[PDB]
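Chemist: Before we start, here is the structure in question, set down as structure tokens.
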Amino acid sequence: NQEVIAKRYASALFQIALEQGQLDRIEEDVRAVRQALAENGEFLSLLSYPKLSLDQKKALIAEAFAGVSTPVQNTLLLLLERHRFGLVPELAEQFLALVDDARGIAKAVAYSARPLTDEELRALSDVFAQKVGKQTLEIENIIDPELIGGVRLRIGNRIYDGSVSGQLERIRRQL
Amino acid sequence: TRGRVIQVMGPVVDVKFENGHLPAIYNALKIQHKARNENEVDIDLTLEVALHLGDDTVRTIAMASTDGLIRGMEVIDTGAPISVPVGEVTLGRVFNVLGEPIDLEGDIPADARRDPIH
Amino acid sequence: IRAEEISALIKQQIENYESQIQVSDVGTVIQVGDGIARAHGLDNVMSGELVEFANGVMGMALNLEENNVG
């Protein structure tokens, strides 16, 4: 039930970033906040501690989350006032999904038995950009050497498989 | 050591005090509010603390009607539960829930002994 | 680039308050009401354990739920 509320808050911050014309800085420091809270997970447990008052936690955010832009810091303080500081990485992921939807960047994960060359990655991006309707596209590559001689590419929740399951398909068809 | 009204839900009023200065359960809380303009009503309540909620929030029970309450009225902590006058003074008299004379024979002076209900 | 210095600031704040957390065998009350107290803290409390408040009143920890002790 947290991802819909993160989508809510991230859509509000996205509309603010578009009306201020500063989408790139909000994307950059939201990536910074996500990396900083994924680096250390004790910060949320510190801000859930009852003996710290709300003004002390606001001072911790104003001193620690400095250098980020003003709507990002106001969003973090608004989450702190609403006891919704647990969904800041979910807010960051939903907001970067909205930013990549705005820029047209798609996220894809390709599983290949060999490490793919950059020309092949550009070719796959040029193929699937017309397929998903987006302008450009990104590929993340993991080897996973249980795969034998092919690519298994996943855009969102759709898997484009051509690596191993041809043999699994034919042995399911013979039996 | 004042607190403000968060919620008004029928006979139940939620009050937020400052951190570390919460009232104990069963203490009486009083709202003496004077109407600042013609869009407000003079209200005079005695709230009794029933629970403690999460973030410095106290859930109280009103001894009178909560109509006319505004989210943000200051609430006075008495430091004690509902103190009721006792003694030979109370004989021959009809009293309220809060220990106040309903009949028109007068009022009990402030130097009288008042014992807690609980 | 800024994520590293933000990580350094939050790590310095964690290292400052880590002496003040001390949540192993002590807990702070969240909710009091009707003879039931839910307390933040008490990571090592058992189920059905004698536990003692600040004024010397005992209590029995029945619900050991995720983020507080009933």
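Chains: A, B, ... in order of the structure tokens. Residues: from 1 per chain. Ligands: from 1, in order shown.
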Using only C-alpha atoms, which protein or nucleic acid residues come within 9 Å of residue B:43? Drop anything in the same chain fewer than 4 positions from it, and give the result as a PyMOL selection string.
Modeler: chain B and resi 31-35+66-69
Chemist: Tell me, which residues of chain C carry DSSP alpha helix (DSSP H), written as number ranges by chain?
Modeler: C: 2-21
Chemist: Would you please extract all strand (DSSP E or B) residues from chain B, as assigned by DSSP on the backbone, and give them as a VMD selection string?
Modeler: chain B and resid 3 to 9 12 to 16 27 to 33 43 to 52 57 to 62 74 to 81 83 to 85 95 101 114 to 116
Chemist: Check which residues of chain C sit at most 10 Å from chain B using only C-alpha atoms, and return one row each with the closest pair of atoms and their distance in Å to one decimal, ordered by chain and rising number, as a tab-separated table.
Modeler:
residue	atom	partner	partner_atom	distance
C:29	CA	B:54	CA	9.3
C:30	CA	B:54	CA	5.6
C:31	CA	B:52	CA	5.2
C:32	CA	B:52	CA	5.1
C:33	CA	B:51	CA	4.8
C:34	CA	B:51	CA	7.4
C:37	CA	B:52	CA	9.5
C:38	CA	B:54	CA	9.8
Chemist: Nearest to chain C among A:10, A:5, A:44, A:148, with distances taken over only C-alpha atoms: which residue is it?
Modeler: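 So, comparing all the options, the nearest one is A:44.
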Chemist: Write down, as JSON, numbers by chain, each residue of chain C that has any atom within 10 Å of an atom of chain A, counting only C-alpha atoms.
Modeler: {"C": [1, 2, 3, 4, 5, 6, 7, 8, 9, 10, 11, 12, 13, 14, 17, 18, 20, 21, 23, 27, 28, 29, 30, 39, 40, 41, 67]}
Chemist: When you look at stretch 152-167 of chain A with a cut-off of 7 Å (counting only C-alpha atoms), what residues show up, excluding the ones that are within fewer than 4 positions of it in the same chain? I need them as a list in words.
Modeler: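 Residues meeting the cut-off are residues 107, 108, 109, 110, 111, 112, 147, 148 and 171 of chain A.
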Chemist: Would you mind exporting N, CA and C atoms of the selected residues as a compact mmCIF listing (two decimals), in the first residue's frame?
Modeler:
# COMPACT_ATOMS: atom_id res chain seq x y z
N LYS A 107 13.69 1.61 -19.22
CA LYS A 107 14.59 0.74 -18.47
C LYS A 107 14.41 -0.69 -18.94
N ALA A 108 15.50 -1.32 -19.36
CA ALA A 108 15.48 -2.71 -19.79
C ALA A 108 16.65 -3.45 -19.17
N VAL A 109 16.44 -4.73 -18.91
CA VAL A 109 17.45 -5.60 -18.31
C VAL A 109 17.65 -6.78 -19.24
N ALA A 110 18.87 -6.92 -19.76
CA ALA A 110 19.20 -7.97 -20.72
C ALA A 110 20.11 -9.00 -20.07
N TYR A 111 19.75 -10.27 -20.19
CA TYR A 111 20.53 -11.38 -19.69
C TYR A 111 21.12 -12.12 -20.88
N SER A 112 22.45 -12.08 -21.00
CA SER A 112 23.15 -12.72 -22.11
C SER A 112 24.33 -13.51 -21.56
N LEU A 147 22.45 -19.34 -18.54
CA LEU A 147 21.96 -19.14 -19.89
C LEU A 147 23.02 -19.58 -20.90
N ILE A 148 22.56 -20.14 -22.01
CA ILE A 148 23.44 -20.71 -23.03
C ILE A 148 23.09 -20.09 -24.37
N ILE A 171 11.35 -29.54 -26.01
CA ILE A 171 11.19 -30.76 -25.21
C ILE A 171 9.84 -30.79 -24.50
Chemist: Between atom CA of residue B:9 and atom CA of residue B:39, what is the distance, to one decimal in Å?
Modeler: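 Interatomic distance here is 20.5 Å.
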Chemist: If we count only C-alpha atoms and set the cut-off at 8 Å, which residues sit around residue B:94, ignoring sequence neighbours fewer than 5 positions away in its own chain? Please answer as a count of residues only.
Modeler: 3
